[PDB]
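Where a number appears in this text, it was derived from the coordinates with a stated rule and is not lab data. A quick note on method: Cβ atoms are made from the backbone with ideal geometry, for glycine too, and the neighbour counts reach across all protein chains shown.
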Amino acid sequence: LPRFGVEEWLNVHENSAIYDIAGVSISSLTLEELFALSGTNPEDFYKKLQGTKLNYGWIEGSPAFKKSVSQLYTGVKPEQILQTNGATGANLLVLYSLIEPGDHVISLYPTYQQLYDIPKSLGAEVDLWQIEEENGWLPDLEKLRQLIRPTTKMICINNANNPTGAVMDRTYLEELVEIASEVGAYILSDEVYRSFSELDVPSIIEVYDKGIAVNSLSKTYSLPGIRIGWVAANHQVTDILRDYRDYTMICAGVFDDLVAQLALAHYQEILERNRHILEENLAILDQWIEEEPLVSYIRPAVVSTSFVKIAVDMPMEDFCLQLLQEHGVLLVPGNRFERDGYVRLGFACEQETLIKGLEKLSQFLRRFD
Amino acid sequence: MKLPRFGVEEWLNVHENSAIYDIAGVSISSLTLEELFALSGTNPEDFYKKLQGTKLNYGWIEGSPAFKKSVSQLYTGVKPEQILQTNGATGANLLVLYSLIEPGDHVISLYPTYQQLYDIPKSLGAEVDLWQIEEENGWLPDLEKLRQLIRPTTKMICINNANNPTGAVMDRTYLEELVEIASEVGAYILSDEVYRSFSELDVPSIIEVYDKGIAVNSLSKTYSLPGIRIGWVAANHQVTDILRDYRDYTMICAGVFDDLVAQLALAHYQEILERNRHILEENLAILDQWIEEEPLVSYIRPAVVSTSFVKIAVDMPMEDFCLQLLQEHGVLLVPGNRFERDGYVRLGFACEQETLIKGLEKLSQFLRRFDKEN
């Protein structure tokens, strides 16, 4: 199986970044920040924590975790939720559980790398369903019809998508579901990037009984450090997944689940904090893209990742290295998603970091005129 | 090569909640944060002030500098840069197997052993040979049979030392002969070392006896902290560089709090080992006395490891024996059929002393149903 592309870039280059606009998370919370924004008393949390056995705990996730996650959806019960070690752990559990040698898997591309390389390592025939810049970074549904076979086991998507930040609304998702439903294919939808836009973007599990929703508190809820995610699916899928957790994780952490319960009990407070960070930072990014003649993009659907086109006749791998070498501005070069000529720009970092980063990138782009 | 359901896991998923006395190996006298603070002499407030100002971002992707250093110090000749933090030994086993096994690779696995060790390679397209263990050889497999199984192209040999379920260990002498055999054809040796022996035997880590030894371990079993999901892989520079490029497939990283607790535990590992040695020795003393007093039970005594595999001299399938025991008295064991060795049961005794004593009393009562009438 090949080296994880974005990881291999961040391993070699993250420690050399002064202005990091590469990461695609929304400025993380400290535990004290979580207490302040939730209106919680620290002492009450520490009292419960310190007397809690750090044993294997709730393997499935706490009852409160499951009920809170279920309430984020329409028509999903607590029993349909399995806690995982992040969305990373959820994607792995789903694929390792369900993908078998000879199965046909269609994966959105470029997308989160797990979604096509894990199936390929398990012996599945993987076809890449290509996103198109000319159609607002959405893939082509007629190409999906051509790719699908009467035996297709699974279609993997990322909604909103990494790196583009484009989303499939209800209309688009329904046409995808119809195509999938013809051959009885599951649809795995990694939904860690929640759209804050006006668009009607339901979860795959709310429109399809064979939809498998993956999500986490990492990107949308600013808590990657607890490694808490989930899988939401039907009873048949959930019952298979329960018997494979010891291959990948056994379970998530006891403290981690405690923090997830508190965050989920105050999820609206966190969403409000993050909606404002995203809206403000995206307004700053929109104005900057317009002032710069060498850069353009398809604006993301109010999601914390963007894919910006740089009008410079150079390999972005080289452009980004020199940008980091000279000014300390870290981006992910487009070649890491097999779409060279672009750069992934995560703009949901601390506002000043984005401002200074763009200002330094603006000084860098001046030599190309 | 379809990945099957994890056997022990199925059994625990269905039956754990019906147990009152869990002697199946899940209960390991796990520490609370309060007990960790007490035994390490830490002021709780200082730890919470550190914790609460720490960003819950991705943090130390490979484990903190303190973690890598402290883990490396548990070994001879291992540098901090040879350590990668993982989401338990579970995550470490998967990371190593996923990173290194290619379709068509020949893999030899200890068997029965922890299921990841042989089933993950099969799912990745490896041809897997099972290196069988027998009670008659103290649950150690035959090194002469390994000389017959080994091929010039063998990629890796997988072991669990001490082994789950038996608690038997390969000491330095045994490991040196294994390493000689592996060296001949250049095969790696993955050694899952979550069960540390407290015996007088010299039990080095595989990485201490072989440059291509890959050691997997965690704070879950030996250090009483499964709830933080912190383990690691220790390996040579070349292997560590490979493993580093695959971590986003499986975990990205372990938690920030989890690493903070790991740092504190590892900085006081001697105190945790001292606590745990007393629990294990006291509980093994209780088990040994019970084994001798019970005429229907016998075993190959584990190497002062918290897992045992006990032979029950009853003409009944162990799954049915264990199901009836569980319903009647709430005593949970893992029936031997789940390790392809019927007639035995996995009995874990790192649980609280009173639980073990009550589990064994009820097991003794239950065993009276199988005595011959006069």
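I'd like the per residue volume of the convex hull spanned by the Cα atoms of the stretch A:148-199, given in cubic angstrom.
That works out to 71 Å³ per residue.
Hey, can you grab everything whose amide H is under 5 Å from the amide H of A:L138? Only 5+ residues off in sequence or another chain; H modelled, so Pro and N-termini drop out.
A:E132
Just want the ordering: A:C349, B:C158, B:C253, from fewest to most Cβ atoms lying within 10 Å of their own Cβ.
A:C349, B:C253, B:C158
What is the local net charge at B:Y58, summed over the other residues whose Cβ is closer than 13 Å to its Cβ (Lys, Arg +1; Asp, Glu -1)?
-3
Summarise the long-distance tail of P(r) for the protein assembly as shown by giving the % of C-alpha pairs beyond 44 Å.
That fraction is 25 percent.
Any idea what Rg and Dmax come out to for the stretch B:306-374 if you just take the C-alpha atoms, in Å?
Expressed in Å, the Cα Rg and Dmax of the stretch B:306-374 come to 11.9, 38.
Considering the convex hull of the alpha carbon atoms of the stretch A:155-312, report its projected area averaged over all viewing directions, in nm², one decimal.
If you wrap the Cα atoms of the stretch A:155-312 in a convex hull and average its projections, you get 11.6 nm².
Pairs on different chains or at least eight residues apart, Cα atoms closer than 24 Å: how many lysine pairs in chain A fit?
24
Arrange A:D20, B:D288 by Cβ neighbour counts within 10 Å, fewest through most, would you?
Final ranking by Cβ density, sparse to dense: B:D288, A:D20.
Report the percentage of all Cα-Cα pairs in the stretch A:53-119 whose separation exceeds 15 Å, rounded to a whole percent.
The proportion of pairs with Cα distances above 15 Å equals 64 percent.
Would you mind counting up the charge near B:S109? Only other residues with Cβ under 10 Å from its Cβ, with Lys and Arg at +1 and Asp and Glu at -1.
-1
As I understand it, the dipole of the stretch A:6-94 uses +1 on the Cβ of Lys and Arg and -1 on the Cβ of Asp and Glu, about the Cα centre. Which of A:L10, A:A22, A:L49 lies farthest toward its positive end?
A:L49
Pop out the ³J(HN,Hα) list for the stretch B:214-227 in order, Karplus 6.51 cos²θ - 1.76 cosθ + 1.60 with θ = phi - 60°, rounded to Hz; leave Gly and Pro as x.
Going residue by residue, I get 10, 8, 10, 7, 7, 8, 6, 8, 6, 10, 6, 10, x, x Hz, with x marking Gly and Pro.
Take every residue in peptide A:81-88, count the Cβ atoms of other chains within 10 Å of its Cβ, and give the average of those counts.
That average works out to 3.
List B:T250, A:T305, B:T173 from most exposed to least, where exposure is judged by having the fewest other Cβ atoms within 10 Å.
Result, fewest neighbours first: B:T173, A:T305, B:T250.
Quick one: compute the contact order of chain A, relative version, from alpha carbon pairs under 8 angstrom and 6+ residues apart, as a percent.
With pairs under 8 Å counted, the relative contact order is 24 percent.
Mind putting a number on the dipole of chain A about its Cα centre? Charges go on the C-beta only, +1 for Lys and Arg and -1 for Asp and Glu, and I need it in Debye to the nearest 20.
Here the size comes out at about 960 debye.
Regarding the stretch B:57-270, what is the average projected area of its C-alpha convex hull, in nm²?
Mean orientational projected area (the stretch B:57-270, Cα hull): 11.0 nm².
When the helices in chain B are scored as -39500 (n - 2.57) per DSSP H run of 4 or longer and the sum is shared across all residues, what 222 nm value do you end up with, to the nearest 500 deg cm²/dmol?
Result for chain B: -12000 deg cm²/dmol, rounded to the nearest 500.
Can you tell me the relative contact order of the stretch B:304-355? Whole percent, Cα pairs under 8 Å, sequence separation 6 or more.
45
Return the average number of partner chain Cβ atoms within 10 angstrom of each residue Cβ along peptide A:96-104.
3
Report the one residue of A:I277, A:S203, A:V214 whose Cα lies farthest in the direction of the positive end of the charge dipole of the stretch A:193-301 (charges on C-beta: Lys and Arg +1, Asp and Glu -1; origin at the Cα centre).
Farthest towards the positive end: A:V214.
What is the ratio of the Cα radius of gyration of the stretch B:236-374 to 2.2 N^0.38 Å, where N is its residue count, to two decimals?
1.41
Can you give the charge dipole size of the stretch B:57-270 about its Cα centre, rounded to the nearest 20 debye, using +1 on the beta carbon of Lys and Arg and -1 on the beta carbon of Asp and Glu?
The dipole of the stretch B:57-270 has a size of about 680 debye.
Along its principal axes, what span do the Cα atoms of the stretch A:227-286 show, with the longest given first and each in whole Å?
Principal axes ranked by extent give 47, 25, 20 Å for the Cα atoms.
Projected onto the charge dipole of the protein assembly as shown (+1 at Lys/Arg Cβ, -1 at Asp/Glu Cβ, origin at the Cα centre), which of A:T88, B:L347, A:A124 gives the Cα projection farthest towards the positive end?
About the Cα centre, the residue reaching furthest to the positive side is B:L347.
Quick query: amide H of B:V334 versus all other amide H atoms, modeled in the peptide plane; which residues come in under 5 Å with a sequence gap of 5 or more or a different chain?
B:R346
Please label the shape of chain A as rounded, prolate or oblate, based on the square roots a ≥ b ≥ c of the eigenvalues of the alpha-carbon gyration tensor (a/c under 1.5 means rounded; beyond that, a/b larger than b/c means prolate, else oblate).
Here chain A falls in the oblate category.
Would you grab the residues whose amide H sits under 5 Å from the one on A:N158? Only those 5+ places off in sequence or on another chain, please, with H modelled 1.01 Å from N.
Answer set, sorted by chain and number: A:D190.
Using the Karplus curve 6.51 cos²θ - 1.76 cosθ + 1.60 with θ = phi - 60°, work out ³J(HN,Hα) for each residue of the stretch B:285-299 in order, rounded to whole Hz, and write x for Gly and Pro.
4, 4, 4, 3, 4, 4, 4, 5, 5, 8, x, 8, 10, 7, 7
Go through the stretch A:91-97 residue by residue and turn each phi into a ³J(HN,Hα) via Karplus (6.51, -1.76, 1.60, θ = phi - 60°); whole Hz please, and just put x for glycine and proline.
Listing the rounded values in order: 4, 4, 4, 4, 6, 4, 5 Hz.
Partner chain Cβ atoms within 10 Å, averaged over the residues of B:9-16 - can you pull that number for me?
Per-residue shielding by partner chains comes out at 3.
Give the share of C-alpha pairs in each 10 angstrom bin for the stretch B:194-245, from 0 to the last occupied bin, in whole percents, shortest bins first.
23, 43, 31, 3
Can you give me the three principal axis dimensions of the stretch A:64-183 from its C-alpha atoms, in Å, biggest first?
43, 33, 28
Using the scaling law 2.2 N^0.38 Å as the reference, what is the normalised Cα Rg of the stretch B:9-139?
That works out to 1.43 for the stretch B:9-139.
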